[PDB]
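Here's the structure, in structure tokens; my notes come after.
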Amino acid sequence: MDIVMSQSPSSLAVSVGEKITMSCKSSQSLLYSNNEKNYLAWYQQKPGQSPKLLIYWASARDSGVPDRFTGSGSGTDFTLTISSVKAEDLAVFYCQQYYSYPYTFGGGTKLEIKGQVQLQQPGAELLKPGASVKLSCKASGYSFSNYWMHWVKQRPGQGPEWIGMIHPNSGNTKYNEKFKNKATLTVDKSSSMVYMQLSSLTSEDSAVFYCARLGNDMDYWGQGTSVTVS
Amino acid sequence: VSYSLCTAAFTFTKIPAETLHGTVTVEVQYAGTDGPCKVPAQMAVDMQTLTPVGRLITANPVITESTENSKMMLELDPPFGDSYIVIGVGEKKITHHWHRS
Ligand code: NA
Ligand code: NA
């Protein structure tokens, strides 16, 4: 049974300098008793950018993340606190569970302000219903072979969806059941290239598709390829 | 009965071995003296996320001795295909690739 992530509030309008709190609830506990870790992450998506990891293990700050961002909580109830909001913080914040495959994201909290690793993806595609498209992801700046490459779908301003992942060295794959017949992941080891072929395209497939190395201290996202289906 | 997580490094005493049930038995030696303590044990397909796969058969795996270099066995139920057996936490955790089929 897939884990459902729920965020509140959907949007937050604050003046510069305010302290804010936003909530994330999971339908199942993300606290793994074996190692006592909470498999919960917080992502920030600024305008024009890919999602960027802020917090992992529920409370660990990624490098460069200021102390004014604080993740807390355990089990099924989590909180992201911003102690003193800056104008640059304007973004949609998504929580994400990585306790179980398929990974699932919350619907986001939109923060509105009133007062060497590279994953290169091509520019926008536009295609006709019924066509197929092979999206590419060129990896550099790290040892390509042993790191899983993930693919993520995101409709405008909506919660990202985890499509699946492929391990380049072995070719092993894990698919979200919801995409098992929509997406096919392959790799070209000779060129450090990862591909996702989308078949039987419909307007429901129109979205930005990201390739990403997901999780903990090595989280990296490509710039995304916008696919629009006529 | 609960214990805090073992803090020191583990070492495999022998190659992990498939049981007759298709599960995997593992024996580890523990260098710490904080025992009795809870052995961190899981399987994962991705070492970057440590997202758990399969499950531990051993209910509450523990190092029972307070002296260094004691040993314990635990049994794991690995997933279909390829995975990693991961014992311990932190930088000193140990891993061994496993194939089930
Ligand atoms: Na199809
Ligand atoms: Na102790």
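Chains: A, B, ... in order of the structure tokens. Residues: from 1 per chain. Ligands: from 1, in order shown.
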Subject >> Neighbourhood of ligand 2 at 9 Å, counting only C-alpha atoms and all ligand atoms, reported as a PyMOL selection string >> reply: chain B and resi 3-6+33-37+66
Go ahead and save the residues from that selection, with N, CA and C atoms, as a PDB file, in the first residue's frame.
```pdb
ATOM      1  N   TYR B   3      17.239  -2.086  23.859  1.00  0.00           N
ATOM      2  CA  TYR B   3      18.588  -1.583  24.063  1.00  0.00           C
ATOM      3  C   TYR B   3      18.840  -0.434  23.101  1.00  0.00           C
ATOM      4  N   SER B   4      19.814   0.401  23.447  1.00  0.00           N
ATOM      5  CA  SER B   4      20.261   1.414  22.509  1.00  0.00           C
ATOM      6  C   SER B   4      21.072   0.760  21.391  1.00  0.00           C
ATOM      7  N   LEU B   5      21.159   1.457  20.262  1.00  0.00           N
ATOM      8  CA  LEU B   5      21.889   0.932  19.113  1.00  0.00           C
ATOM      9  C   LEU B   5      23.361   0.728  19.449  1.00  0.00           C
ATOM     10  N   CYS B   6      23.919  -0.389  18.978  1.00  0.00           N
ATOM     11  CA  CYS B   6      25.360  -0.588  19.047  1.00  0.00           C
ATOM     12  C   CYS B   6      26.069   0.532  18.298  1.00  0.00           C
ATOM     13  N   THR B  33      32.367  -2.298  23.307  1.00  0.00           N
ATOM     14  CA  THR B  33      32.166  -2.745  24.680  1.00  0.00           C
ATOM     15  C   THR B  33      30.904  -2.158  25.298  1.00  0.00           C
ATOM     16  N   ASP B  34      30.028  -1.561  24.494  1.00  0.00           N
ATOM     17  CA  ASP B  34      28.787  -0.981  24.985  1.00  0.00           C
ATOM     18  C   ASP B  34      27.655  -1.997  25.071  1.00  0.00           C
ATOM     19  N   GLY B  35      27.937  -3.272  24.821  1.00  0.00           N
ATOM     20  CA  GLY B  35      26.932  -4.312  24.938  1.00  0.00           C
ATOM     21  C   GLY B  35      26.447  -4.507  26.364  1.00  0.00           C
ATOM     22  N   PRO B  36      25.208  -5.001  26.536  1.00  0.00           N
ATOM     23  CA  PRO B  36      24.269  -5.383  25.472  1.00  0.00           C
ATOM     24  C   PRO B  36      23.733  -4.201  24.666  1.00  0.00           C
ATOM     25  N   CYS B  37      23.589  -4.383  23.354  1.00  0.00           N
ATOM     26  CA  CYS B  37      23.153  -3.292  22.497  1.00  0.00           C
ATOM     27  C   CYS B  37      22.447  -3.845  21.268  1.00  0.00           C
ATOM     28  N   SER B  66      29.147  -7.605  27.079  1.00  0.00           N
ATOM     29  CA  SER B  66      29.778  -6.303  27.226  1.00  0.00           C
ATOM     30  C   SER B  66      31.256  -6.320  26.864  1.00  0.00           C
TER      31      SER B  66
END
```
Go through chain A residue by residue and, counting only C-alpha atoms and all ligand atoms, keep those with an atom at most 12 Å from ligand 1; for each kept residue give the shortest atom pair and its distance in Å to one decimal, ordered by chain and increasing number, as CSV.
```
residue,atom,partner,partner_atom_place_in_ligand_line,distance
A:129,CA,ligand 1,1 (Na),11.4
A:130,CA,ligand 1,1 (Na),8.7
A:131,CA,ligand 1,1 (Na),9.4
A:132,CA,ligand 1,1 (Na),8.2
A:133,CA,ligand 1,1 (Na),10.8
A:178,CA,ligand 1,1 (Na),11.7
A:179,CA,ligand 1,1 (Na),9.2
A:180,CA,ligand 1,1 (Na),9.0
A:181,CA,ligand 1,1 (Na),5.3
A:182,CA,ligand 1,1 (Na),4.7
A:183,CA,ligand 1,1 (Na),7.5
A:184,CA,ligand 1,1 (Na),9.3
A:197,CA,ligand 1,1 (Na),9.4
A:198,CA,ligand 1,1 (Na),7.0
A:199,CA,ligand 1,1 (Na),4.0
A:200,CA,ligand 1,1 (Na),4.3
A:201,CA,ligand 1,1 (Na),7.3
A:202,CA,ligand 1,1 (Na),9.8
A:205,CA,ligand 1,1 (Na),10.9
```
Selection file, N, CA and C atoms, as a JSON list (two decimals), in the first residue's frame:
```
[["chain", "number", "residue", "atom", "x", "y", "z"],
["A", 129, "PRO", "N", -0.62, 13.52, -29.50],
["A", 129, "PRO", "CA", -1.14, 12.35, -28.78],
["A", 129, "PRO", "C", -0.87, 11.07, -29.55],
["A", 130, "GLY", "N", -0.52, 10.02, -28.82],
["A", 130, "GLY", "CA", -0.19, 8.74, -29.43],
["A", 130, "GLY", "C", 1.27, 8.55, -29.77],
["A", 131, "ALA", "N", 2.07, 9.61, -29.76],
["A", 131, "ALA", "CA", 3.48, 9.50, -30.07],
["A", 131, "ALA", "C", 4.25, 8.97, -28.86],
["A", 132, "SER", "N", 5.56, 8.80, -29.04],
["A", 132, "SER", "CA", 6.47, 8.43, -27.96],
["A", 132, "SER", "C", 7.63, 9.41, -27.96],
["A", 133, "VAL", "N", 8.34, 9.47, -26.84],
["A", 133, "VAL", "CA", 9.48, 10.37, -26.71],
["A", 133, "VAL", "C", 10.52, 9.71, -25.82],
["A", 178, "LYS", "N", 2.37, 2.71, -11.07],
["A", 178, "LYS", "CA", 1.58, 3.64, -11.86],
["A", 178, "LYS", "C", 2.24, 4.03, -13.18],
["A", 179, "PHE", "N", 3.52, 3.72, -13.36],
["A", 179, "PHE", "CA", 4.23, 4.07, -14.59],
["A", 179, "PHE", "C", 4.81, 2.86, -15.29],
["A", 180, "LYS", "N", 4.44, 1.64, -14.88],
["A", 180, "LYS", "CA", 5.13, 0.44, -15.35],
["A", 180, "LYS", "C", 5.00, 0.25, -16.85],
["A", 181, "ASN", "N", 3.89, 0.69, -17.44],
["A", 181, "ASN", "CA", 3.68, 0.58, -18.88],
["A", 181, "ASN", "C", 3.82, 1.91, -19.60],
["A", 182, "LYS", "N", 4.03, 3.00, -18.87],
["A", 182, "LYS", "CA", 4.21, 4.31, -19.48],
["A", 182, "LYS", "C", 5.67, 4.63, -19.75],
["A", 183, "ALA", "N", 6.57, 4.22, -18.85],
["A", 183, "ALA", "CA", 7.97, 4.58, -18.92],
["A", 183, "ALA", "C", 8.85, 3.35, -19.01],
["A", 184, "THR", "N", 9.93, 3.46, -19.78],
["A", 184, "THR", "CA", 10.94, 2.42, -19.91],
["A", 184, "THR", "C", 12.29, 3.07, -19.70],
["A", 197, "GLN", "N", 11.95, 6.35, -21.93],
["A", 197, "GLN", "CA", 11.05, 6.38, -23.07],
["A", 197, "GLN", "C", 9.61, 6.40, -22.57],
["A", 198, "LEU", "N", 8.87, 7.43, -22.93],
["A", 198, "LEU", "CA", 7.45, 7.55, -22.61],
["A", 198, "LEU", "C", 6.64, 7.15, -23.83],
["A", 199, "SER", "N", 5.70, 6.24, -23.64],
["A", 199, "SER", "CA", 4.92, 5.69, -24.74],
["A", 199, "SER", "C", 3.47, 6.16, -24.67],
["A", 200, "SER", "N", 2.77, 6.02, -25.80],
["A", 200, "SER", "CA", 1.34, 6.29, -25.90],
["A", 200, "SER", "C", 0.96, 7.62, -25.25],
["A", 201, "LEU", "N", 1.64, 8.68, -25.68],
["A", 201, "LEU", "CA", 1.53, 9.97, -25.01],
["A", 201, "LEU", "C", 0.11, 10.54, -25.11],
["A", 202, "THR", "N", -0.36, 11.09, -24.00],
["A", 202, "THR", "CA", -1.62, 11.82, -23.92],
["A", 202, "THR", "C", -1.37, 13.14, -23.20],
["A", 205, "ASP", "N", 0.11, 13.22, -19.80],
["A", 205, "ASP", "CA", 1.55, 13.08, -19.66],
["A", 205, "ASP", "C", 2.29, 14.42, -19.69]]
```
Per residue of chain A within 12 Å of chain B, record the nearest atom pair and its distance in Å to one decimal, counting only C-alpha atoms, with rows in chain order and ascending residue number, as CSV.
```
residue,atom,partner,partner_atom,distance
A:30,CA,B:51,CA,10.4
A:31,CA,B:52,CA,11.1
A:32,CA,B:52,CA,8.3
A:33,CA,B:40,CA,9.0
A:34,CA,B:40,CA,5.6
A:35,CA,B:40,CA,5.3
A:36,CA,B:5,CA,8.4
A:37,CA,B:50,CA,10.0
A:38,CA,B:51,CA,10.6
A:39,CA,B:51,CA,7.7
A:40,CA,B:49,CA,10.6
A:41,CA,B:49,CA,10.8
A:56,CA,B:49,CA,9.8
A:57,CA,B:49,CA,9.8
A:97,CA,B:51,CA,9.6
A:98,CA,B:51,CA,6.1
A:99,CA,B:51,CA,5.5
A:100,CA,B:51,CA,6.3
A:101,CA,B:51,CA,7.9
A:102,CA,B:51,CA,10.3
A:103,CA,B:51,CA,9.6
A:146,CA,B:46,CA,9.3
A:147,CA,B:48,CA,7.8
A:148,CA,B:46,CA,7.0
A:149,CA,B:46,CA,10.3
A:150,CA,B:46,CA,11.3
A:165,CA,B:46,CA,10.2
A:166,CA,B:46,CA,10.4
A:167,CA,B:46,CA,8.9
A:170,CA,B:82,CA,9.4
A:171,CA,B:82,CA,11.2
A:172,CA,B:82,CA,8.3
A:173,CA,B:45,CA,10.2
A:174,CA,B:45,CA,9.7
A:213,CA,B:48,CA,8.9
A:214,CA,B:49,CA,7.4
A:215,CA,B:49,CA,5.1
A:216,CA,B:49,CA,6.3
A:217,CA,B:48,CA,8.2
A:218,CA,B:48,CA,7.4
A:219,CA,B:48,CA,9.0
A:220,CA,B:48,CA,11.8
```
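For the set A:185, A:122, A:90, A:194, the residue with the smallest atom-to-atom gap to residue A:48 is A:90, counting only C-alpha atoms.
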Original post:
Looking only at the backbone, which of the residues in chain B does DSSP tag as strand (DSSP E), as a ChimeraX atom specification?
Top reply: /B:10-12,17-18,24-30,37-38,41-44,52-53,55-56,62-63,70-77,81-87,94-100
Original post:
Which residues come within 9 Å of residue B:54, counting only C-alpha atoms, excluding same-chain residues fewer than 5 positions away, as a ChimeraX atom specification?
Top reply: /B:42-44,76-80
Original post:
What does the distance between atom CA of residue A:203 and atom CA of residue A:159 come to in Å, to one decimal place?
Top reply: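 Pair atom CA of residue A:203 / atom CA of residue A:159 returns 17.5 Å.
The space separating atom CA of residue A:169 from atom CA of residue A:118 comes to 18.5 Å.
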**OP:** Work out how far atom CA of residue A:14 is from atom CA of residue A:113, in Å to one decimal.
**Re:**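 Atom-to-atom, atom CA of residue A:113 to atom CA of residue A:14, that is 5.3 Å.
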**OP:** Apply DSSP to the backbone of this structure and, from stretch 106-208 of chain A, keep only the residues in helix (DSSP H, G or I); write these as an NGL selection string.
**Re:** :A and (177-179 or 189-191 or 203-205)
Go ahead and save the picked residues with N, CA, C and O atoms, as a short mmCIF file (atom, residue, chain, number, x, y, z; two decimals), in the first residue's frame.
```
data_model
loop_
_atom_site.label_atom_id
_atom_site.label_comp_id
_atom_site.auth_asym_id
_atom_site.auth_seq_id
_atom_site.Cartn_x
_atom_site.Cartn_y
_atom_site.Cartn_z
N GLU A 177 4.47 1.30 -9.88
CA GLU A 177 3.43 0.56 -10.59
C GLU A 177 2.59 1.46 -11.49
O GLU A 177 2.16 1.03 -12.56
N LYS A 178 2.37 2.71 -11.07
CA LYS A 178 1.58 3.64 -11.86
C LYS A 178 2.24 4.03 -13.18
O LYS A 178 1.57 4.62 -14.03
N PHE A 179 3.52 3.72 -13.36
CA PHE A 179 4.23 4.07 -14.59
C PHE A 179 4.81 2.86 -15.29
O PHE A 179 5.60 3.03 -16.24
N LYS A 189 25.98 2.91 -21.04
CA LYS A 189 27.13 3.03 -20.15
C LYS A 189 28.32 3.69 -20.85
O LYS A 189 29.14 4.33 -20.19
N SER A 190 28.41 3.56 -22.17
CA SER A 190 29.53 4.13 -22.91
C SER A 190 29.52 5.66 -22.90
O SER A 190 30.55 6.27 -23.18
N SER A 191 28.38 6.28 -22.59
CA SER A 191 28.26 7.73 -22.66
C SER A 191 27.73 8.34 -21.38
O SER A 191 27.43 9.54 -21.36
N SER A 203 -2.39 14.00 -23.18
CA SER A 203 -2.26 15.27 -22.48
C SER A 203 -2.04 15.08 -20.98
O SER A 203 -1.48 15.97 -20.33
N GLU A 204 -2.45 13.94 -20.43
CA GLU A 204 -2.18 13.64 -19.03
C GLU A 204 -0.69 13.46 -18.76
O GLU A 204 -0.26 13.55 -17.60
N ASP A 205 0.11 13.22 -19.80
CA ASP A 205 1.55 13.08 -19.66
C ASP A 205 2.29 14.42 -19.69
O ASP A 205 3.48 14.45 -19.35
#
```
